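Asks: Mind folding the following:
(3 chains, ligands or ions: 1)
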Amino acid sequence: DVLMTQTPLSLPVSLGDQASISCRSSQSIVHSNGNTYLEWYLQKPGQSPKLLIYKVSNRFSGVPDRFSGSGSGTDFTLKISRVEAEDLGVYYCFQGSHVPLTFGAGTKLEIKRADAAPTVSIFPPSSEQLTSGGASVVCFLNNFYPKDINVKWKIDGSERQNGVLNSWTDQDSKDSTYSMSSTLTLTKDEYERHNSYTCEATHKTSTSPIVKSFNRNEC
Amino acid sequence: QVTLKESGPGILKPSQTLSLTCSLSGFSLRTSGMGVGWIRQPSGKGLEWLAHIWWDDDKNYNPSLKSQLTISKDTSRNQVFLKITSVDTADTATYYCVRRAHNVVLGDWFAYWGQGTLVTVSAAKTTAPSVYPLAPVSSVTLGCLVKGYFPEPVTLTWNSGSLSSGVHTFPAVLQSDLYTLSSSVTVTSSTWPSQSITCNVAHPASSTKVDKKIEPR
Amino acid sequence: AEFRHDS
Ligand code: NA
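Replies: Numbering: from 1, shown residues only, chains lettered A, B, ... in the order given. This is the structure:
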């Protein structure tokens, strides 16, 4: 199976900027008929993928000529000279030479903007949930950039891996920031056996981790 | 005038058998060199090719899933079918059927895709969520927690939509075989808890409608 | 292993 390694998996750009995406087969994809069935696809949110380029460098009907594909054999590339709003989305390169037909992972074309630290806030279990026998602590990490971030949970000082669930939003319509929500889910019994609960966030907007925590008693 | 429309059950349990259909029109896989095929994609993830059937009944499969797949066709009622046996939670995905020829004239490429159809392989039974408010321990942030509901989807607003800026409603995620989701709202401190902040939440499939005001600890 | 295309 010919794996297709798109790099980078994410490409922040400005509006009207030059943008390039590498796609590299593990093996040759020149079919014995002579052709190289290397295709490029664009998927916007909520839509099915759309053909942009076929046979490496042939632009599909209706596609603006600011899209170009180049390459040969194994090393392939997609370029966009002056990036526009509508280009934003996920780009998949694809090979139709060797079965099983395969796509790359997908390079998400997202916009860049000034860096911003996340606005962390923590929330213990509410009365409602507690009288049900379950305990969840919720931590929000709002309006940050770049998209990459590390969150940790600590209970009474010790890190906690198991029983955590994360959700991230797509780049926001207005400020182009990303937001995150993390929830640590415990049994009521486990919640009331431990006291300190800490939501810790590291991001390249500080060397210090943003620490938010509470004690169950003062609740 | 050339279209592809996928039909599916919507939902079925693990270790059962998925039967998908694709209504062609504006063309026949009857015609020489014509073919139609299936490609799926789990929520927020990559594109996985499954299978392709040719005009002459030649068939192609993904090695990964050689035992589970079974593509078929029907020339004059003009339809193509795929079935996956012993399905499971990982087969939950959107399934597209797409057109592609093996000759340079009809279009040797995936130009035409159907809009798709969602199959979700769950053992879950309808379950109503528990809606919990999240009040805090210079703008103030509050939240809503909506936990353990199946199936999708729930809707959420704040003060019935009159509030909107500084709201982040997060993609839902699995916890066991139930969905949990969350939302947050941010306002200036000279607003809460001086004004009141209601979280409004629906889960049609269980007829569940909750309005949950937040209050300070 | 090769996908079918016309020569
Ligand atoms: Na475009």
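
Asks: contacting residues around the residue in chain B positioned nearest to chain C?
Replies: Residue of chain B nearest chain C, by CB to the nearest CB: residue B:103 (4.2 Å). C-beta here means a position set from N, CA and C on the backbone, and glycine is covered the same way. With contact set as CB atoms under 8 Å, 6 or more residues apart in numbering or on different chains, residue B:103 has these partners: B:32, B:33, C:5, C:6.

Asks: Adding distance to chain A, neighbour count and secondary structure, write those out as JSON lines.
Replies: Formatted as JSON lines, the entries for the contacts of residue B:103 read as follows, by distance: CB to the nearest CB, whole Å; neighbours: other CB atoms under 10 Å in any protein chain shown; DSSP: H, G, I helix; E, B strand; the rest coil:
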{"residue": "B:32", "distance to chain A": "17", "neighbour count": "12", "secondary structure": "coil"}
{"residue": "B:33", "distance to chain A": "13", "neighbour count": "20", "secondary structure": "coil"}
{"residue": "C:5", "distance to chain A": "5", "neighbour count": "20", "secondary structure": "coil"}
{"residue": "C:6", "distance to chain A": "7", "neighbour count": "13", "secondary structure": "coil"}
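
Asks: so which pair among those residues is furthest apart in space?
Replies: B:32 and C:5 (13.9 Å; CB to CB).

Asks: Let me see the ranges of the helices in chain A.
Replies: A:127-130, A:188-191 (DSSP state H).

Asks: helices or strands next to the last one in the packing?
Replies: With contacts defined as 3 or more CB pairs under 8 Å, 6 or more residues apart in numbering or on different chains; DSSP states H and E, the secondary structure elements packing on helix A:188-191 are strand A:134-144.

Asks: Tell me who's in contact with residue B:216.
Replies: B:135, B:136, B:193 are the contacts of residue B:216 under CB under 8 Å, 6+ apart.

Asks: near chain A, which of those show up?
Replies: Counting by CB under 8 Å from any CB of the partner chain, B:135, B:136 from these sit close to chain A.

Asks: who wins for most neighbours among the contacts of residue B:216?
Replies: Scoring the contacts of residue B:216 on neighbours with other CB atoms under 10 Å in any protein chain shown, the highest-scoring entry is residue B:135 at 19 neighbours.

Asks: hang on, that one packs against residue B:215?
Replies: Yes. Using CB atoms under 8 Å, residue B:135 is in contact with residue B:215, at 6.1 Å.

Asks: helix/strand/coil for the most centrally placed residue in chain B?
Replies: Residue closest to the average C-alpha location in chain B (CA atoms, centre = their mean): residue B:118, at 4.9 Å. Of the three states, residue B:118 takes strand according to DSSP: H, G, I helix; E, B strand; the rest coil.

Asks: sorry, back to before: can I get the helices of chain A in JSON lines including mean neighbour count?
Replies: Formatted as JSON lines, the helices of chain A follow (neighbours: other CB atoms under 10 Å in any protein chain shown):
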{"stretch": "helix A:127-130", "mean neighbour count": "16"}
{"stretch": "helix A:188-191", "mean neighbour count": "15"}
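
Asks: Can you pull the domain assignment for the chain?
Replies: Here I'm looking at chain A. A:1-113, A:115-214 (curated CATH domains).

Asks: my bad, the chain I had in mind was chain B
Replies: Split by curated CATH domains, chain B gives B:1-123, B:124-216.
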